[PDB]
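Note on naming: letters A, B, ... go to the chains in the order of the sequence lines (proteins, then strands), and numbering restarts at 1 for each one.
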There are 2 protein chains.
Amino acid sequence: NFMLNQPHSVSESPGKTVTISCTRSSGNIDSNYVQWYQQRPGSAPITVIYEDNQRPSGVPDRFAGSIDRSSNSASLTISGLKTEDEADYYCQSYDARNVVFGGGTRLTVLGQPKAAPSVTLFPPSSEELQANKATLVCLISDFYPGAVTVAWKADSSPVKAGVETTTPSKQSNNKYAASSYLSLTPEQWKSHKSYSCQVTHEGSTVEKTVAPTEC
Amino acid sequence: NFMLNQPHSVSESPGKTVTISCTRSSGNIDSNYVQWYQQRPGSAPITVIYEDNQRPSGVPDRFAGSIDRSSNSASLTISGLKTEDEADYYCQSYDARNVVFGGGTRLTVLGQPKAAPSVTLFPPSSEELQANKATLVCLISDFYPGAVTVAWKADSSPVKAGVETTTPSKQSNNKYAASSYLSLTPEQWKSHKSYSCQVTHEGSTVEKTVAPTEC
């Protein structure tokens with residue numbers, strides 16, 4: 001089926017306006033209806049828009065949907081942001097019989113200053129290498145909002161196998177931390193010139209690289 | 001307007017059969033198609049049943065949808081329970097003027113075995129030392145249940161400052177992962193013979209030690 005691609009996160013201060021996009025990978029956006037769901041972590045999804053731009057009763061006119069055929073995208077626009085609007089937002093449409101969801105966008109309503117993450121990338125330690133493990137760790141700390149994406153590369157190529165990233169955790173300084181680890185074997189590690197960890201926060205991507213050494 | 005009511009939780013042992021009901025408060029259950037979605041906290045929902053009883057491709061045949069007109073209800077039955085099935089399950093139907101979700105059922109698979117953590121301790125990266133930092137990271141993975149305590153040592157002495165440990169999070173193998181990081185200065189790092197991370201899980205302790213490089 002086609003895919004619906006949404007940004008991983010958006011943020012704004014109370015009272016401002018924010019927009020979330022939902023781009024269809026193949027086919028036309030207008031050939032099936034787009035719904036938007038709001039979900040607060042721990043609760044069920046709630047419909048805030050159906051049929052591209054219709055609002056259910058109980059949903060304030062601060063929420064508006066639209067379609068842009070020449071970006072092949074749908075958008076949800078929330079004006080007059082309130083702290084209760086902080087949630088995950090999912091766009092949803094159909095491919096033939098099949099429901100397709102976007103990946104979801106976390107909308108943070110800023111409750112404190114933005115803070116860029118400190119990123120540290122650690123190459124395999126002596127002890128684990130002697131145990132036939134070459135796990136890399138990308139440590140991500142001191143960030144707000146508490147939403148990040150991590151992407152790994154082997155040389156210049158995207159890595160997907162063997163990546164785990166922890167759920168951001170609020171630490172003693174009231175900012176978030178997480179770690180991404182890439183479980184390589186020693187052979188995998190030594191077969192490439194380098195590996196990189198790419199961390200995206202608030203729409204900007206930072207990168208670190210480590211390579212095999214002899215000691 | 002109608003509601004879809006599901007039980008809050010269901011629990012069962014591996015290999016067995018569980019049923020999740022979805023009762024429609026108003027209007028006939030058969031007047032609109034019922035969908036079922038599976039969701040892991042942090043991810044988009046996955047369709048497991050659509051049109052009451054159809055499985056999308058890639059959905060285990062252990063998942064079955066049914067309708068019971070006499071109790072005005074729909075059911076998801078999961079046979080041959082696997083740990084991979086632990087998730088929230090939502091039923092969903094239509095109002096024509098809305099998309100309505102049930103409240104969700106958390107499915108718990110009982111009797112998961114304890115698993116001791118894999119602990120890997122990393123010394124400061126070369127790159128962070130060139131940027132005047134010497135943060136250490138202790139990666140703690142693949143443990144169950146999802147509670148650890150962590151203590152650090154400088155030489156043989158307890159370290160009380162500079163420690164942060166993340167809230168354990170469930171990874172794609174349904175075991176938990178966390179990291180503890182110790183924010184040292186380069187001067188602190190080189191002033192000791194070693195630093196150690198001690199991870200305690202279910203009354204068993206694992207301790208790792210690293211020391212400044214000899215390179």
Are [X] and [Y] linked by a side-chain donor-acceptor pair shorter than 3.5 Å?
X	Y	result
B/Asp155	B/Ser157	no
A/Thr120	B/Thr135	no
B/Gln198	B/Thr205	no
A/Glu164	A/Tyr181	no
B/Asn174	B/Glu86	yes
A/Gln39	B/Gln39	yes
A/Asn32	A/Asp95	no
B/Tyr176	B/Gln171	no
B/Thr167	A/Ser169	yes

**OP:** Measure from the ring center of A/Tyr50 to the ring center of B/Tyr94 and say whether it is less than 6.0 Å.
**Re:** no
**OP:** Among A/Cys138, A/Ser196, A/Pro158, find the one that has a side chain to side chain contact (heavy atoms under 4.5 Å, CB included) with A/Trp152.
**Re:** A/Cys138
Original post:
Could A/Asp85 and A/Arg62 be called an ion pair, given the rule that one side-chain N must be under 4.0 Å from one carboxylate O?
Top reply: yes
Original post:
What heavy-atom pair brings B/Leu121 and B/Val210 nearest, and what distance separates the two atoms?
Top reply: O-CG1, 3.6 Å
Original post:
A/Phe101 vs B/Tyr37 aromatic rings, parallel, tilted or perpendicular, using cut-offs 30° and 60°?
Top reply: perpendicular
**OP:** Go through the structure and list residues passing ring-ring contact (aromatic ring centres under 6.0 Å, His included) with B/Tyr33, not counting sequence neighbours.
**Re:** none
